[PDB]
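So this first bit is one chain, no partners, the form deposited in one PDB entry, shown in structure tokens.
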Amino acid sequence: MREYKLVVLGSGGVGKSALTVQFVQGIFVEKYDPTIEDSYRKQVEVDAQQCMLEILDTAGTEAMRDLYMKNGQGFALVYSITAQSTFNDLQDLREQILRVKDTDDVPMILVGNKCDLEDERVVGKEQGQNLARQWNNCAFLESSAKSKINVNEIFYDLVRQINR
């Protein structure tokens, strides 16, 4: 059974923990408890093979980013469609990963989280799609940790990218 080191990155409050806990444990985290560093393990089936995911749920700010990026095989870059600042911050993370990895060929997915908060949307779906295209046709999903939309697909897509 192949091991996959996945890293969930993004600014404070975007729902990195919520997405990870929903995927791994099938629970929605209501309380906002700022993460220091949490690691989760989950066996999944992707393309007819059993995969052991090690998911690193990171802090919204710094510490061990360069280390996470050196060790990590795949990266979920999460913003909240509710908070423009969290979308703006992801450019720096994208560039940092490519720098540390020293290649543009890095398994990565852009995730617009909290898509259940349609009314409170500050960042448009098209603006998300626009950013992903700019990132060398990067994978893109709008997700909800609460509604359980495209939660599993975030982690499945990274495993598929690592396998190529």
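Think of the rigid core as the biggest set of C-alphas that the two forms share within 1.5 Å after superposition. Residues carry their position along the shown sequence, with the first being 1.
The form deposited in another entry exists for this protein as well; it is not shown, and the discussion that follows is about that form.
**Student:** Using the rigid core as the reference frame, would you say residue 34 shifts its C-alpha by 2 Å or more between this form and the one not shown?
**Tutor:** Yes, the C-alpha position differs by at least 2 Å between this form and the one not shown.
**Student:** Aligned on the rigid core, do the two forms place the Cα of residue 125 2 Å or more apart, comparing between this form and the one not shown?
**Tutor:** Moves: no, less than 2 Å.
**Student:** Given that the distance between the C-alpha atoms of residue 21 and residue 32 changes by 3 Å or more in that other deposited form, do they end up closer or farther than here?
**Tutor:** Relative to this form, closer in that other deposited form.
**Student:** Against the shown form, C-alpha atoms of residue 94 and residue 29 in that other deposited form: closer or farther, for a change of 3 Å or more?
**Tutor:** Distance between the C-alphas of residue 94 and residue 29: longer in that other deposited form, by 3 Å or more.
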